[PDB]
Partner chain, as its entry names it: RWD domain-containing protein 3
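Presented below, as structure tokens, is a lone chain in the form solved without the partner chain.
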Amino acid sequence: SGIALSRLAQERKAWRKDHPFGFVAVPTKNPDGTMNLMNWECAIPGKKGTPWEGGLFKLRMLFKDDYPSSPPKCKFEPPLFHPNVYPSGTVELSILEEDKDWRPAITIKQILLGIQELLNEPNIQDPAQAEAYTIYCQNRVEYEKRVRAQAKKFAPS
């Protein structure tokens, strides 16, 4: 885990120095209050001018011991209504796949901005959940209606 922790400490430094407005990315605590750099609690704000606007969408970023060989698993908690989000909460995205567009050099900032962009522009060619995907494909106005409601439920206080 040395190589992974070295990189994850450099990502925490870069993120604290400068990150996009409204985004959260913080390592979790181990039982003994020590920092767990392999498991981050993140939040993505809905984009201004979209049906996601107003919402803050919490997500866990989970790193394997061979990071950055492998991308993190990115998991919305709770699971999101979105065509490219598995019922588990796992995000399906090409930059989050080792055998697709993942590159070791991709930053936490680039991952979170990538997921933000996915939220309002689903990929109709890599479905992840039957429920959201079918409504997206067959009934776009009802899809956008469910998204507006979701954005209201996850409005921050």
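Residue numbers count along the first chain shown, from 1.
- The mean Cα B-factor in the deposited entry runs higher for 49-57 than for the other of 110-118 and 49-57.
- Stretches 33-41 and 91-99 differ in mean CA B factor, with 33-41 having the higher one.
- In the deposited entry, the Cα temperature factor of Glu11 places it in the lowest third of its chain's modelled residues.
- Among all modelled residues in this chain, the alpha-carbon of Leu5 has a temperature factor (C-alpha) in the lowest third.
- Among the modelled residues of its chain, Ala130 has a C-alpha B-factor that falls in the highest third, as given in the PDB entry.
- In this PDB entry, the Cα temperature factor of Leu62 sits in the bottom third of its chain's modelled residues, the lowest group.
- When the CA B factors of the chain's modelled residues are split into thirds, the value for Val26 lands in the middle one.
Missing here is the form deposited with the partner chain bound; even so, the following discussion is about that form.
- Shown without its partner, the chain has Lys29, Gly33, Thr34, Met35, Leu37 in segment 26-40 as residues with a non-hydrogen atom within 4.5 angstroms of the partner chain in the deposited complex.
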